[PDB]
C-alpha cells in the first residue's frame, strides 16, 4: 500500500513546477489543469494512478481502481502549498480543497471518508492535516 502511495506522490510532485510557476507569475493559484498548462487530469497517469487534478493550486492524485491494493483503490491524496511570508511550503496528505484562487487556507475535501486514503497507508511524511501551516 505505502509503496504504491509513495509512487503516486512522486507522480503528483511532477506537477508542482506548473503550479508554483503560475503562482509566481499571477499571484494566485491556477483554477484547473488547463489554466495551469498541464494535461487533462485523466491523461496524467502512471503506475497505480488514474488521474491527477489541479484545482486552485491543489494537486490531487487518484489511485487506480485495479492492480492496486484493495484498501486504496480509487482513493485520493493531495499536495498543496501555503504562503508563509514570501516563501511557500508544500504539504502532503488526505484530500483538501481551496475554494478560491486567492484563498490562503484550504478545507478538508473528504468525500464522506470514501476518497480518503487511510492514514496507515500514507507515508509518514505525507500525513499533513488540512489545517497544517
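Positions refer to the first chain, counted from 1.
Per the PDB record, of the two stretches 117-125 and 17-25, 117-125 carries the greater mean B-factor over its C-alpha atoms. According to the PDB record, 67-75 carries the higher mean C-alpha B-factor of the two stretches 67-75 and 34-42. Of the candidates 60, 94, 85, 56, the PDB record gives 85 the highest C-alpha temperature factor. Split the chain's modelled residues into thirds by C-alpha temperature factor. Residue 5 is in the lowest one.
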